[PDB]
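Have a look at the structure below before the remarks.
Every residue, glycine as well, gets a Cβ built from its backbone with ideal geometry; the counts of neighbours run over all protein chains shown. The numbers here are math on the coordinates, done by the rules we state, and not lab data.
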Amino acid sequence: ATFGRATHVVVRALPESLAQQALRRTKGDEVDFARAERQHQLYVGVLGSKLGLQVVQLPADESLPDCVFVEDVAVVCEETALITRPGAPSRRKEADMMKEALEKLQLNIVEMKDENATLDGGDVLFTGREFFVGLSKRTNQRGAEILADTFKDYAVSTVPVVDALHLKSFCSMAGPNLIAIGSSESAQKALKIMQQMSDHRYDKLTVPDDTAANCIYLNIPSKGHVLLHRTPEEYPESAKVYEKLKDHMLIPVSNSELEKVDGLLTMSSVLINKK
């Protein structure tokens, strides 16, 4: 496939219950819900209006406070979607509307039904050549095994996630051979493990703020190599690194409110390449 090509994107509206009731590891500043909604609107507007992806917007469900974070409930690779069994019990029913959306996009559907398996899509790094799957408090070995069985055309290897929510809490693909990676002790240890497991030499884009290593790369006809990344207002020292990339069309995207609930850029979309 052309790495990073997409035609469609699934997103989901924020429930009011997110502000107080979404899961979060840090009990920090309160969420400004209206501002979170605006940030989500702008994010969707980049993907759909600016970049031209066909947007499927799922409605909010107030009983699912984290339902905006569609990434965790599906992994899509080519024509196949894995509907995950998220680690958090409060998120499991998010799979219901996602399964229906992906069915309607004509994907082959595989459901993680094994009650001994969990997997969050945020733990999954697809490089274009292979998968790395974080083993975290959300994703277990059996989950990773089911992913490997689902996507047999690609190698799958695992990496411990120790002191973050997900693997992609501190990394993401920034381009076809380019892993964006944080500078923490933990981020760097994870990167070394991924690299030691692969026979492929990846380039890295190292940033000083781990959560600013979570970005979205797209290959869009008529625009080229596009990268959605955190803003200078939010992470000035990491934005300076992204700004050196004259080889990408850079789009700064604000995400401060959802980061209060550990939601990073990748978490709010599921990308699909159809036809």
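In this rough spin-label picture, where each label sits 7 Å from Cα along the Cβ direction, the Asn108-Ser157 distance is 2.6 nm. Computing FRET efficiency as 1/(1 + (r/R0)^6) for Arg142 and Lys246, where r is the C-beta to C-beta distance and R0 is 41 Å, gives about 0.40. Among the GluC sites (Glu not before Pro) found in the range 191-263, those both in a DSSP coil and sparsely packed, with 12 or fewer other Cβ atoms within 10 Å of their Cβ, are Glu233.
Select from the range 23-121 those trypsin sites (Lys or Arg not before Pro) which occupy a DSSP coil region and have at most 13 other Cβ atoms within 10 Å, ordered by residue number. Passing both the DSSP loop test and the Cβ count: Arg25, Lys27, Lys113. Placing unit charges on the Cβ atoms only, positive for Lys and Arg and negative for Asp and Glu, gives the chain a dipole magnitude near 580 debye about its Cα centre.
Modelled label-to-label distance, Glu100 and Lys223, 7 Å Cα→beta-carbon offset: nm? The modelled label-to-label distance comes out at 3.0 nm.
Fewest-first ordering of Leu23, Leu135, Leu227, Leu191 by other beta carbons within 10 Å of each residue's beta carbon gives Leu23, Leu135, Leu191, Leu227. Ordering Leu167, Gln21, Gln196 by Cα displacement along the dipole of the chain toward the positive end leaves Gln196 in first place; charges were set at the Cβ atoms of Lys, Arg (+1) and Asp, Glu (-1). Calculated [222 nm] ellipticity per residue, helices only, for the chain: -6500 deg cm²/dmol; basis is -39500 (n - 2.57) per DSSP H run with n ≥ 4, divided by all residues, nearest 500. Here are some pairs, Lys204/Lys246; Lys137/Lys260; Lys137/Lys204; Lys113/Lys275; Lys27/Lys168; which of them have Cα atoms lying more than 23 Å apart in this structure? Flagged as over cut-off: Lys137/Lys204; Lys113/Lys275.
Our summary of shape: the Cα atoms of the range 1-152 have principal axis extents of 43, 36, 25 Å, ordered from largest down, in whole angstrom. A DSSP coil position with no more than 11 other Cβ atoms inside 10 Å describes the following trypsin sites (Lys or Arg not before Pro) in the range 214-257: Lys244, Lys246.
A full extension of the chain between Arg35 and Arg5 corresponds to an added length of 7.8 nm, given 0.36 nm per residue minus the alpha carbon distance. Annotation for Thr80 and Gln54: the two label points, set 7 Å from Cα along the Cα-Cβ direction, are 2.3 nm apart.
The length gained on full extension between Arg24 and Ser63, counted as 0.36 nm times the residue separation minus their Cα-Cα distance, comes to 12.4 nm. Annotation: the residues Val11, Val46, sorted from fewest to most other C-beta atoms within 10 Å of their own C-beta, follow the order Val46, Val11.
By the count of other C-beta atoms within 10 Å, a proxy for reagent exposure, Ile216, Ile179 are ordered fewest to most as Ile179, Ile216. Projected onto its three principal axes, the C-alpha set of the chain covers 43, 42, 39 Å, listed from the longest axis down.
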